[PDB]
>>> print(open('my_file38.cif').read())   # mmCIF, C-alpha atoms and all ligand atoms
data_target
#
loop_
_atom_site.group_PDB
_atom_site.id
_atom_site.type_symbol
_atom_site.label_atom_id
_atom_site.label_comp_id
_atom_site.auth_asym_id
_atom_site.auth_seq_id
_atom_site.Cartn_x
_atom_site.Cartn_y
_atom_site.Cartn_z
ATOM 1 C CA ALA A 1 0.449 -2.542 9.523
ATOM 2 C CA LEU A 2 1.249 -4.921 6.665
ATOM 3 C CA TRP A 3 -1.328 -7.423 7.990
ATOM 4 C CA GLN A 4 -4.069 -4.839 7.503
ATOM 5 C CA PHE A 5 -2.825 -3.620 4.093
ATOM 6 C CA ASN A 6 -2.827 -7.261 2.903
ATOM 7 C CA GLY A 7 -6.470 -7.667 3.968
ATOM 8 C CA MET A 8 -7.440 -4.375 2.321
ATOM 9 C CA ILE A 9 -6.025 -5.427 -1.026
ATOM 10 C CA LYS A 10 -7.826 -8.794 -0.692
ATOM 11 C CA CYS A 11 -10.985 -6.798 0.068
ATOM 12 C CA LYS A 12 -10.745 -5.148 -3.389
ATOM 13 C CA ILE A 13 -9.114 -8.074 -5.243
ATOM 14 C CA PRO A 14 -10.474 -11.285 -3.628
ATOM 15 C CA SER A 15 -8.447 -13.622 -5.895
ATOM 16 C CA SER A 16 -5.088 -12.176 -4.865
ATOM 17 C CA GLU A 17 -2.384 -13.015 -2.312
ATOM 18 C CA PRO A 18 -1.240 -9.390 -2.192
ATOM 19 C CA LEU A 19 2.067 -9.906 -0.372
ATOM 20 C CA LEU A 20 3.069 -12.091 -3.344
ATOM 21 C CA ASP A 21 1.284 -10.465 -6.266
ATOM 22 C CA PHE A 22 2.125 -6.834 -5.387
ATOM 23 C CA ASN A 23 5.585 -7.238 -3.873
ATOM 24 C CA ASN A 24 8.638 -6.837 -6.148
ATOM 25 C CA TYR A 25 6.723 -5.300 -9.030
ATOM 26 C CA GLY A 26 8.069 -2.379 -11.039
ATOM 27 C CA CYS A 27 10.288 0.241 -9.499
ATOM 28 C CA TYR A 28 8.097 1.030 -6.493
ATOM 29 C CA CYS A 29 5.960 -1.928 -5.358
ATOM 30 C CA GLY A 30 7.991 -3.370 -2.492
ATOM 31 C CA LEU A 31 10.613 -2.068 -0.118
ATOM 32 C CA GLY A 32 11.974 1.273 -1.283
ATOM 33 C CA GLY A 33 11.501 2.672 -4.755
ATOM 34 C CA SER A 34 13.293 4.960 -7.167
ATOM 35 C CA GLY A 35 13.162 6.143 -10.764
ATOM 36 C CA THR A 36 10.168 6.569 -13.035
ATOM 37 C CA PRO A 37 7.116 4.347 -12.369
ATOM 38 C CA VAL A 38 6.876 1.768 -15.193
ATOM 39 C CA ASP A 39 3.061 1.714 -15.387
ATOM 40 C CA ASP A 40 -0.063 2.852 -13.550
ATOM 41 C CA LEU A 41 0.187 0.079 -10.949
ATOM 42 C CA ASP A 42 3.762 1.076 -10.186
ATOM 43 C CA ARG A 43 2.501 4.704 -9.902
ATOM 44 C CA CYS A 44 -0.076 3.523 -7.287
ATOM 45 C CA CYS A 45 2.927 2.179 -5.329
ATOM 46 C CA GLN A 46 4.895 5.436 -5.746
ATOM 47 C CA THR A 47 1.924 7.403 -4.366
ATOM 48 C CA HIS A 48 1.625 4.969 -1.469
ATOM 49 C CA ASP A 49 5.362 5.282 -0.737
ATOM 50 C CA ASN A 50 4.987 9.072 -0.721
ATOM 51 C CA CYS A 51 2.000 8.699 1.607
ATOM 52 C CA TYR A 52 4.060 6.669 4.095
ATOM 53 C CA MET A 53 6.846 9.264 3.847
ATOM 54 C CA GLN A 54 4.327 12.001 4.723
ATOM 55 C CA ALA A 55 3.030 9.868 7.641
ATOM 56 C CA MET A 56 6.550 9.735 9.149
ATOM 57 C CA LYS A 57 6.585 13.564 9.045
ATOM 58 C CA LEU A 58 3.490 13.867 11.258
ATOM 59 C CA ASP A 59 3.890 14.917 14.889
ATOM 60 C CA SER A 60 1.464 12.086 15.881
ATOM 61 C CA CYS A 61 3.534 9.370 14.216
ATOM 62 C CA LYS A 62 6.775 10.541 15.885
ATOM 63 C CA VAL A 63 5.275 9.636 19.268
ATOM 64 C CA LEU A 64 4.928 5.907 18.537
ATOM 65 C CA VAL A 65 7.739 3.333 18.494
ATOM 66 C CA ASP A 66 6.422 1.525 15.375
ATOM 67 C CA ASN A 67 6.565 2.339 11.629
ATOM 68 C CA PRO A 68 3.779 2.196 8.969
ATOM 69 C CA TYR A 69 4.576 -1.520 8.348
ATOM 70 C CA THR A 70 4.118 -2.491 12.020
ATOM 71 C CA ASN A 71 1.680 0.143 13.287
ATOM 72 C CA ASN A 72 -1.699 -1.580 13.737
ATOM 73 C CA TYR A 73 -4.906 0.299 12.893
ATOM 74 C CA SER A 74 -8.590 -0.666 12.669
ATOM 75 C CA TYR A 75 -10.663 -1.025 9.511
ATOM 76 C CA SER A 76 -13.404 -3.169 8.051
ATOM 77 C CA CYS A 77 -13.956 -4.934 4.752
ATOM 78 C CA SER A 78 -17.647 -5.374 3.956
ATOM 79 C CA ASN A 79 -19.219 -6.059 0.532
ATOM 80 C CA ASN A 80 -15.686 -5.554 -0.856
ATOM 81 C CA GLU A 81 -15.599 -2.024 0.532
ATOM 82 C CA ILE A 82 -12.908 -0.709 2.875
ATOM 83 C CA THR A 83 -13.838 1.582 5.814
ATOM 84 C CA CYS A 84 -11.200 3.121 8.098
ATOM 85 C CA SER A 85 -12.359 3.518 11.694
ATOM 86 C CA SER A 86 -13.085 6.648 13.766
ATOM 87 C CA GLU A 87 -11.479 4.797 16.688
ATOM 88 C CA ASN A 88 -8.075 5.202 14.979
ATOM 89 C CA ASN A 89 -5.875 7.907 16.453
ATOM 90 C CA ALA A 90 -4.234 10.428 14.081
ATOM 91 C CA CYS A 91 -1.175 8.428 12.925
ATOM 92 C CA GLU A 92 -3.170 5.181 12.568
ATOM 93 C CA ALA A 93 -5.898 7.041 10.643
ATOM 94 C CA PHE A 94 -3.392 8.547 8.248
ATOM 95 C CA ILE A 95 -1.760 5.196 7.490
ATOM 96 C CA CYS A 96 -5.204 3.541 7.140
ATOM 97 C CA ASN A 97 -6.027 6.162 4.480
ATOM 98 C CA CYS A 98 -2.730 5.603 2.601
ATOM 99 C CA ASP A 99 -3.495 1.882 2.541
ATOM 100 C CA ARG A 100 -7.143 2.200 1.517
ATOM 101 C CA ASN A 101 -6.244 4.546 -1.317
ATOM 102 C CA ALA A 102 -3.541 2.181 -2.613
ATOM 103 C CA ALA A 103 -5.737 -0.942 -2.387
ATOM 104 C CA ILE A 104 -8.400 0.824 -4.420
ATOM 105 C CA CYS A 105 -5.749 2.117 -6.866
ATOM 106 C CA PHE A 106 -4.331 -1.398 -7.399
ATOM 107 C CA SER A 107 -7.836 -2.747 -8.147
ATOM 108 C CA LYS A 108 -8.434 -0.203 -10.929
ATOM 109 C CA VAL A 109 -5.259 -0.497 -13.038
ATOM 110 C CA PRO A 110 -3.835 -3.175 -15.352
ATOM 111 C CA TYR A 111 -1.457 -5.771 -13.947
ATOM 112 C CA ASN A 112 1.493 -6.276 -16.306
ATOM 113 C CA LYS A 113 3.364 -9.509 -15.702
ATOM 114 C CA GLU A 114 6.420 -8.202 -17.621
ATOM 115 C CA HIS A 115 6.988 -5.803 -14.725
ATOM 116 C CA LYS A 116 7.044 -8.436 -12.011
ATOM 117 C CA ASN A 117 10.578 -8.926 -10.616
ATOM 118 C CA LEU A 118 11.901 -6.005 -12.660
ATOM 119 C CA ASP A 119 15.649 -5.553 -13.212
ATOM 120 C CA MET A 120 16.793 -2.665 -10.993
ATOM 121 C CA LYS A 121 18.722 -1.245 -13.977
ATOM 122 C CA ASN A 122 15.284 -0.008 -15.117
ATOM 123 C CA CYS A 123 14.848 2.183 -11.993
HETATM 124 CA CA CA B 201 7.889 0.987 -2.271
HETATM 125 CL CL CL B 202 -13.486 0.763 -0.890
#
>>> encode(input="my_file38.cif", output="structure tokens")
Amino acid sequence: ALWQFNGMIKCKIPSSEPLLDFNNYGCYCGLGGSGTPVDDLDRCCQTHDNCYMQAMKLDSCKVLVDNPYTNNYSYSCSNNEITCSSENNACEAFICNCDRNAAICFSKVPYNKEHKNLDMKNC
């Protein structure tokens, strides 16, 4: 769920408020996403979007009433490392992995302020 994804990004980027810093950035970071990613950070968000789309395709995710944004899973942050839990069932585990991979991706790419609150004409 979004609560967990927020904590994961803070795990990798302890100075950030991720639901502010990484929402409405580029063509992909935030609800929806279309067009060509504007930079590597925006590409991290495109990959994450694709990951959530694949999660919705899984037989195990079709059995729950809640989407990737509201589906709670278990993970830990320790020494700024993210670990998804073996106690997660299949859908939860898949979403946990999407989130972990994106949090790590965000931490490894430049942040370009010119792409924050991007005009949708660009997408
Ligand atoms: Ca998106
Ligand atoms: Cl990690």
>>> residues_around(input="my_file38.cif", residues="residue 40 of chain A", least_positions_apart="5", cutoff="12 Å", atoms="all atoms listed in the file", output="PyMOL selection string")
chain A and resi 25-29+45-47+102+105-112+115
>>> resolve_selection(input="my_file38.cif", expression="the PyMOL selection byres (((not hetatm)) within 7 of (chain B and resi 202))", output="number ranges by chain")
A: 12, 80-83, 100, 104
>>> closest_residue(input="my_file38.cif", among="A:97, A:114, A:60, A:88", to="residue 73 of chain A", atoms="only C-alpha atoms")
A:88
>>> resolve_selection(input="my_file38.cif", expression="the PyMOL selection byres (((chain A and resi 99) around 12) and not hetatm)", output="number ranges by chain")
A: 1-12, 44-45, 47-52, 55, 68-69, 72-75, 82-84, 92-98, 100-106
>>> closest_residue(input="my_file38.cif", among="A:79, A:54, A:85, A:23", to="ligand CA 201 (chain B)", atoms="only C-alpha atoms and all ligand atoms")
A:23
>>> atom_distance(input="my_file38.cif", atom1="atom CA of residue 59 of chain A", atom2="atom CA of ligand CA 201 (chain B)")
22.5 Å
>>> residues_around(input="my_file38.cif", residues="residue 63 of chain A", least_positions_apart="6", cutoff="12 Å", atoms="all atoms listed in the file", output="compact mmCIF listing (two decimals) with C-alpha atoms, in the coordinates of the input")
# COMPACT_ATOMS: atom_id res chain seq x y z
CA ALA A 55 3.03 9.87 7.64
CA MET A 56 6.55 9.74 9.15
CA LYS A 57 6.58 13.56 9.04
CA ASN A 71 1.68 0.14 13.29
CA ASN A 89 -5.88 7.91 16.45
CA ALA A 90 -4.23 10.43 14.08
CA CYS A 91 -1.18 8.43 12.92
CA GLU A 92 -3.17 5.18 12.57
